[PDB]
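Quick setup: one chain, the form deposited in one PDB entry, written in structure tokens, and binding and motion questions come after.
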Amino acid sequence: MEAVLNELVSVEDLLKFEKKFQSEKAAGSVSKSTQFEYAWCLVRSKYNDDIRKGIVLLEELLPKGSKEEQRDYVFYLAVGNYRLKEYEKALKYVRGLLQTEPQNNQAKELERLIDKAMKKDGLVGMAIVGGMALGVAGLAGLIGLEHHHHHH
């Protein structure tokens, strides 16, 4: 029933989770739970600097989380860096993420956007046909011999 409304994050939802971070911190301590949900609210902020902080917030929690807890935080980091134009940074988090869970399709499709975007702002070979061009006659050849190591 989590219907995604057409809006980033109302200042109330962003500060709402910040309020908890304040009361908990006021006690002189902060539960990692708030630290995790506090970065999400920022990672989805309308300001970029808020993400630069939301990304660091999780980056410090990863070493503090186990391998499974990291698989979740790793997922948010690839999404936060993916939008900050940083395509390779998010590509390192999404690629290693598969090294752990290759059966993750949501992690695979994201890799396409990151890798596909880079080719977009790089202009591919415009019209393509099977590849950049043909080849010096070489259909199969995946079982026959190879270049004869011998001059003439």
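Numbers for residues come from their place in the sequence shown, where the first is 1.
There is another form of this protein, the form solved in complex with a partner chain, and it is not shown here; the text below is about that form.
Among heavy atoms of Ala90, none comes within 4.5 Å of the partner chain in the bound PDB entry.
Among heavy atoms of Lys46, some come within 4.5 Å of the partner chain in the bound PDB entry.
Remark: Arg83 counts among the residues lining the partner chain in the bound PDB entry, judged by a heavy atom distance of 4.5 Å or less.
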